[PDB]
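Printed here is data-v8.txt (compact mmCIF, C-alpha atoms):
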# COMPACT_ATOMS: atom_id res chain seq x y z
CA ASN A 18 -63.04 -3.00 18.28
CA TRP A 19 -63.85 -2.88 21.97
CA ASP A 20 -63.72 0.83 22.81
CA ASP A 21 -62.34 2.12 26.14
CA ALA A 22 -65.86 2.66 27.39
CA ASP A 23 -67.27 -0.28 25.41
CA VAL A 24 -65.00 -2.71 27.29
CA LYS A 25 -66.76 -1.67 30.49
CA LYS A 26 -70.15 -1.72 28.74
CA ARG A 27 -69.82 -5.28 27.42
CA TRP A 28 -68.31 -6.53 30.70
CA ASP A 29 -70.80 -4.73 32.97
CA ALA A 30 -73.81 -5.97 30.97
CA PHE A 31 -73.13 -9.53 32.18
CA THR A 32 -73.59 -8.52 35.83
CA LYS A 33 -76.45 -6.03 35.39
CA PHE A 34 -78.65 -8.36 33.37
CA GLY A 35 -77.20 -11.66 34.51
CA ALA A 36 -76.48 -12.79 30.99
CA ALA A 37 -75.74 -16.44 31.61
CA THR A 38 -78.05 -17.76 28.92
CA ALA A 39 -78.58 -14.55 27.01
CA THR A 40 -76.22 -14.29 24.08
CA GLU A 41 -74.08 -17.08 25.50
CA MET A 42 -70.79 -18.05 23.88
CA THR A 43 -69.63 -21.66 23.99
CA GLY A 44 -66.26 -22.48 25.55
CA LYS A 45 -65.07 -23.10 22.00
CA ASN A 46 -66.06 -19.53 21.10
CA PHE A 47 -64.47 -18.04 24.20
CA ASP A 48 -61.37 -20.14 23.51
CA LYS A 49 -61.50 -18.59 20.04
CA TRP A 50 -61.57 -15.10 21.54
CA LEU A 51 -58.41 -16.09 23.42
CA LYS A 52 -56.47 -17.89 20.69
CA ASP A 53 -57.34 -15.40 17.97
CA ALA A 54 -56.31 -12.51 20.22
CA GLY A 55 -52.88 -14.06 20.66
CA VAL A 56 -53.03 -14.06 24.45
CA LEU A 57 -53.88 -17.71 24.87
CA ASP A 58 -52.07 -19.43 22.02
CA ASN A 59 -52.35 -22.95 23.49
CA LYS A 60 -49.25 -23.57 21.41
CA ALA A 61 -46.37 -22.51 23.62
CA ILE A 62 -48.38 -21.27 26.59
CA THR A 63 -48.80 -23.45 29.68
CA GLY A 64 -51.53 -26.04 30.03
CA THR A 65 -51.46 -25.53 33.78
CA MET A 66 -52.68 -21.92 33.83
CA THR A 67 -54.94 -22.18 30.79
CA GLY A 68 -56.68 -25.47 31.56
CA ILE A 69 -57.28 -24.78 35.24
CA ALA A 70 -58.52 -21.29 34.32
CA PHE A 71 -61.41 -22.65 32.24
CA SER A 72 -61.99 -25.45 34.75
CA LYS A 73 -62.39 -22.82 37.47
CA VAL A 74 -64.16 -19.93 35.74
CA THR A 75 -66.86 -21.71 33.74
CA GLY A 76 -66.85 -25.30 34.91
CA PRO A 77 -68.94 -26.88 32.12
CA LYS A 78 -68.39 -26.21 28.42
CA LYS A 79 -71.19 -23.66 27.86
CA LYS A 80 -70.13 -20.34 29.41
CA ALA A 81 -70.37 -18.28 32.60
CA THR A 82 -70.53 -14.52 33.20
CA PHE A 83 -68.64 -11.34 34.23
CA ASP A 84 -66.74 -12.54 37.31
CA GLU A 85 -65.71 -15.87 35.81
CA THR A 86 -64.71 -13.98 32.65
CA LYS A 87 -62.49 -11.49 34.50
CA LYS A 88 -60.98 -14.41 36.43
CA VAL A 89 -59.86 -16.32 33.35
CA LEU A 90 -58.62 -13.21 31.53
CA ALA A 91 -56.53 -12.46 34.61
CA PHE A 92 -55.19 -16.02 34.84
CA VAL A 93 -54.26 -16.13 31.15
CA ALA A 94 -52.58 -12.71 31.32
CA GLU A 95 -50.84 -13.65 34.57
CA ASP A 96 -49.44 -16.84 32.98
CA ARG A 97 -46.53 -15.20 31.17
CA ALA A 98 -46.71 -11.70 32.66
CA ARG A 99 -46.12 -12.96 36.20
CA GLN A 100 -43.21 -15.20 35.16
CA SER A 101 -41.01 -12.38 33.92
CA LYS A 102 -42.48 -9.06 35.06
CA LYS A 103 -44.95 -10.30 37.76
CA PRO A 104 -47.74 -7.57 37.69
CA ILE A 105 -50.75 -9.08 35.92
CA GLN A 106 -52.51 -5.74 35.31
CA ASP A 107 -49.61 -4.76 33.02
CA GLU A 108 -50.34 -7.53 30.54
CA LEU A 109 -54.11 -7.02 30.84
CA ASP A 110 -53.62 -3.39 29.81
CA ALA A 111 -51.37 -4.72 27.08
CA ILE A 112 -54.06 -7.18 25.90
CA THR A 113 -56.69 -4.45 25.92
CA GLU A 114 -54.28 -2.06 24.17
CA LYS A 115 -53.24 -4.71 21.61
CA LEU A 116 -56.76 -5.77 20.62
CA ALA A 117 -57.75 -2.11 20.43
CA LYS A 118 -55.91 -1.90 17.12
CA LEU A 119 -55.87 -5.65 16.46
CA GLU A 120 -59.59 -5.40 15.63

For this file, produce the structure as structure tokens.
Amino acid sequence: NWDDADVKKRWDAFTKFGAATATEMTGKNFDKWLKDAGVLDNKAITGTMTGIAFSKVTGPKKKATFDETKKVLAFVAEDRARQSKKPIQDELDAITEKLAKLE
């Protein structure tokens, strides 16, 4: 459960410390964070937005850091949010709000 403040804490940490290779999570593990959350299903969602997101944010298969992470989360949220509603922030708040109770 990423708390309101905790979300900022865990995100911010990446920039403050520069946690590239310091508790790094493989692309598989980050992909897990996405698919298990229900945001990036990779089932009905586009391959365009999702694939290019990873290809842009991380590059290799290992991981990245804060900026790259906020990029991809935005791209994934934007995927379906922007099609119907358009504002990406709406679905990000939704994601954050969903996973708040979705453990």

Legend entry - residue A:84 environment, 12 Å, only C-alpha atoms, sequence neighbours closer than 2 positions dropped, as number ranges by chain: A: 28-33, 35-37, 73-75, 80-82, 86-91

Legend entry - Residue contacts of residue A:57 (12 Å, only C-alpha atoms) excluding same-chain residues fewer than 3 positions away, as a PyMOL selection string: chain A and resi 47-54+60-64+66-68+70-71+89-97+112

Legend entry - Atomic separation - atom CA of residue A:118 relative to atom CA of residue A:34, Å: 28.7 Å

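Put simply, atom CA of residue A:19 is 26.0 Å away from atom CA of residue A:72.
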
Legend entry - Two-atom distance - atom CA of residue A:38, atom CA of residue A:79 (Å): 9.1 Å

Legend entry - Pick from A:106, A:65, A:101, A:113, whichever lies nearest to residue A:21 using only C-alpha atoms: A:113
